[PDB]
Amino acid sequence: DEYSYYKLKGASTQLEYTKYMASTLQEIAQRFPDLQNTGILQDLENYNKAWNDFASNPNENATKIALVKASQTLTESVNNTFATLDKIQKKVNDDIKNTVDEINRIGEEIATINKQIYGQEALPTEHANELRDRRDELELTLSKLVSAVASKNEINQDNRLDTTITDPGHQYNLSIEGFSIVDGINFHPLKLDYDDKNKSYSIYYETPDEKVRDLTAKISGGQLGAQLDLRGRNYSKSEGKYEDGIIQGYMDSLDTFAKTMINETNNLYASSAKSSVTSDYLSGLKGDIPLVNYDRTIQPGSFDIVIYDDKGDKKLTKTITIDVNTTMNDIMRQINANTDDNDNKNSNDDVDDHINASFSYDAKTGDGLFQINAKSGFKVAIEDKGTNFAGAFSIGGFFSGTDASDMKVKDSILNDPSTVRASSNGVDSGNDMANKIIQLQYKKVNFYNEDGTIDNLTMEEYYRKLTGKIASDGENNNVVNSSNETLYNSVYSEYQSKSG
């Protein structure tokens, strides 16, 4: 009857893990329905149709306003969808603190019970058994929360010993990951702490000499094990997110969705000539950092700075090359060089430079900034050949941002939709660039995942892969949960049968 009770605790630990897991994964799936034309997919469709209406009538300023309107709706939808996952992750983080608080109350109440059971005084038989009943009750409740090891040696009432004294630590020990929460009559709590203002709770066992044993990566089982696996266990203060975790993995795919959407759209829109182009603020971009190391989506290759006059004729092309050592200073050295051995038209005409290109790092802000201002009578564009240099840095881009939470339309476009162009040459007439953005919705593009894989899909296919992954996780867990219930009921019936 004591052995089946040992099985009941283990059955509870497994069932409460998958039960908490099922509740959280079901909520996430309700937020991310694996259905076409809902949520972001519906906003993405209205966004692409808005590009189609604009490419049909690029001179009508009303279609520019409608396009910017549908783009802001899309980015905001991407912001809110990420905020939904962020809120659930913070909810799990708060549950971790509550569960740890409950674990400590249980352990303290068990250690206090043990002070009577193993105390010097003799207790009435009935009071001793109801204290023992309560301790078994608390032990069983504890198994719903965490995997804990209770090692017990039971007292023999043959007497033949008194007056002696009791060694309570040898009679009862309750441990978590090997560390004694209850050592006989002594209570040792789990400790919570955090370092940044996300209050990413870490779980510690502290020794009497204030030495620290972090358990965040080791604690498993029950509600706490599921909370840790959902939220993430290794927090990173530099990056302000978790290095693992089921929910964290959904957030990273959502960021990778936005990052690719920003990169691939901006790569195309950067090829539309403009009077000047300005990057976003590039946080931490010193002039000596290799570009492929600053942004993992930057690939070796080349892009061409392209110069047009105000009537829309291509006057110039300067090819800038990126390899795995190319820094921003290196980009400037190539831009600010001369040579240019070319043979355009006509009569050896191409002369000097028609742009003022600039990079600057603000040591007080920690941000870098890249600008190319074409001189009056000229426009500048960037046509990339694999690097995503302009797209990742939003040089002449349509979208700003780096992830799902800061994705937005570029401010100069939001503030004046009439600045939107559809043509490569910058004249407010053609539509060869906007047609490329329309076709981009069908194109297999790269998604650089945090796990190290590179998905090659369309935007919609990648997002549906995320909602399918969430549904597949919730279903796989439902199978493990289902067998956990049957095992729990079977063990619970055996426990009831083998008792009173």
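Numbering of residues starts from 1 on every chain and follows the written order of that chain's sequence, so it may differ from the entry's own numbering; residues lacking coordinates are omitted. Hydrogens and waters are ignored; side-chain quantities use all the structure's heavy atoms.

- As annotated in the PDB entry, the protein carries the name Flagellar hook-associated protein FlgK and is attributed to Campylobacter jejuni.
- Looking at the header, the entry is titled "The structure of the flagellar hook junction protein HAP1 (FlgK) from Campylobacter jejuni".

1. Description of the sheet that holds strand β5 (residues 190-193)
1) Next: One requirement defines pairing of two strands: DSSP has to find at least two bridges between them. Helix numbering and strand numbering both begin at the N terminus, where a helix is a DSSP run of H or I of at least 4 residues and a strand a DSSP run of E of at least 2. Spatial strand order, β5-β6-β7: 3 strands in an open sheet with antiparallel pairing. One side of each edge strand has no neighbouring strand; the edge strands of this open sheet are β5 and β7 (212-214). The average undirected angle you get between the axes of adjacent strands in this sheet is 40°.
2) Next: Bridge analysis of strand β6 (residues 202-206) against β7 gives 3 bridges, and the strand direction is antiparallel. Axis definition: a line fitted to C-alpha atoms, limited for helices to the stretch in contact. Angles are taken between N-to-C directions and run from 0 to 180 degrees.

2. Considerations on the side chain of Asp255
1) Next: Relative to the helices and strands, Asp255 resides in helix α7 (residues 246-269).
2) Next: Of the buried charged residues, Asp255 lacks a salt bridge, with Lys241 as the closest side chain of opposite charge at 5.2 Å. Buried residues are those whose accessible area, probed at 1.4 Å on protein chains only, stays under 20% of the maximum for their type, while exposed residues exceed 50% and partly exposed ones sit between those limits. By the counting rule applied here, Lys and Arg register as positive and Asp and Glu as negative, while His and the ends of each chain are not counted. Take a side-chain nitrogen of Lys or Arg and a carboxyl oxygen of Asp or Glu: if they are within 4 Å of each other, that pair is a salt bridge.

3. Some remarks on the domain arrangement of the protein
1) Next: We note that the domain assignment places domain 1 (2-17 + 91-233) and domain 2 (271-396) within the protein.
2) Next: The C-alpha-based centres of domain 1 and domain 2 are spaced at 62 Å. Domain start and stop points were drawn from an automatic or database domain assignment.

4. As for the pattern of salt bridges
1) Next: Counting across every chain of the model gives 35 salt bridges.
2) Next: Between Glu16 and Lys144 there is a salt bridge, with the nearest N and O atoms lying 3.2 Å from each other. Within this pair, whereas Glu16 is found in helix α1 (residues 2-31), its partner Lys144 is found in the loop between α4 (125-143) and β1 (149-152), the two being separated by 128 residues in sequence.
3) Next: According to the relative accessible area criterion, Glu16 is buried, its value standing at 7%.
4) Next: A relative accessible area of 33% places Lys144 in the partly exposed class.
5) Next: Where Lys90 meets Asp86, a salt bridge forms, and the shortest distance between an N and an O atom there is 4.0 Å. Placement of both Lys90 and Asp86 in helix α3 (residues 61-117) is noted, with a separation of 4 residues, approximately one turn of the helix.
6) Next: Taking the relative accessible area as the measure of exposure, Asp86 reaches 24% and is therefore partly exposed.
7) Next: Linked through salt bridges whose partners overlap, the residues forming this network are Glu2, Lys9, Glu139 and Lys152.

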